[PDB]
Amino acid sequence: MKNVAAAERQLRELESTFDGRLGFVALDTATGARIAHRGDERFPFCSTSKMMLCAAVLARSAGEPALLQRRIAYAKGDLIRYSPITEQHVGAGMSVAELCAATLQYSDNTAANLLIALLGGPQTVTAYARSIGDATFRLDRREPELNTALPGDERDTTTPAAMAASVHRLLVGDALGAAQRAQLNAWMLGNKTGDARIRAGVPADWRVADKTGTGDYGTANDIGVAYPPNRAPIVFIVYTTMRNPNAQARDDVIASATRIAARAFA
């Protein structure tokens, strides 16, 4: 595909503008047209792992959806940084569903840790990934330590290719039951943290479901699905990480990568 080959070249050129690595997949789900850069290399996934976490929660609830209405009376002692919903509601507690919405839409780190604990630990998220055909994803740590993004560390990493396959299965395909897939999409469509990333790189008539991540080493990620009107969904996976430990995470590289792929598909 000559449009794909041109986009891949443009992604190489984009990576040459900074001292770091770009990991990218865009997949047109109707045709299987697939744009990839460093697709089989590992990248620190940061808060993009919250999508896998919440898929695991939804899967765990499928035989008894009322489990999502269970109230979790967490403690002030559970509260950690970057927790804008859980810190507000610690007096009353929150339902499991509300914790999933907070984690996905606000990147609430306490909410993520509470959900990880409800499932049995980070190993249960890795096990869930394996059950839906992802042999690459690995969740080793909880928040905030999963954001260390250390050069050469395989903890808390995946590959762009593996994550593309998992996002496809989860949001578009049949990894989840219909109600669970719809709920995951609804949560991700309503994300509050991604306006300058994938959402900034697509045409005005495309809807986007996404989850961002931001970590150490200037790590800036965004994963999800674009829904153009009148054609099939397009999966977008963008991982970036920098060599300088003192790097400042950016939004613009993700938006630029997204625009490259959008031109290829239009």
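When you see a residue number, it is the position in the sequence shown, counting from 1.
**Item:** Stretch with the greater mean C-alpha B-factor as recorded in the entry, comparing 216 to 224 against 60 to 68
**Value:** Per the PDB entry, the higher value belongs to 60 to 68.
**Message:** Can you tell me whether 144 to 152 has a higher mean C-alpha B factor than 107 to 115 in this record, or the other way round?
**Reply:** Mean B over CA atoms: larger for 144 to 152.
**Request:** Sort the modelled residues of this chain by their C-alpha B factor and say whether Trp187 lands in the lowest, middle or highest third.
**Result:** It belongs to the lowest third of the chain when residues are ordered by C-alpha B-factor.
**Prompt:** In terms of the CA temperature factor given in the entry, to which third of its chain does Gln180 belong: lowest, middle or highest?
**Reply:** CA B-factor rank for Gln180: lowest third.
**Message:** Based on the deposited C-alpha B factors for this chain, I'd like to know if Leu99 is in the lowest, middle or highest third.
**Reply:** For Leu99, whose C-alpha B-factor we compare with every modelled residue in the chain, the answer is the lowest third.
**Prompt:** What third of its chain's C-alpha B-factors does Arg81 belong to: lowest, middle or highest?
**Reply:** As the PDB entry reports it, the C-alpha B-factor of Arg81 lands in the highest third of its chain.
**Request:** Please place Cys46 in the lowest, middle or highest third of its chain by C-alpha B factor as given in the entry.
**Result:** Highest third, going by the recorded CA B-factors of the chain.
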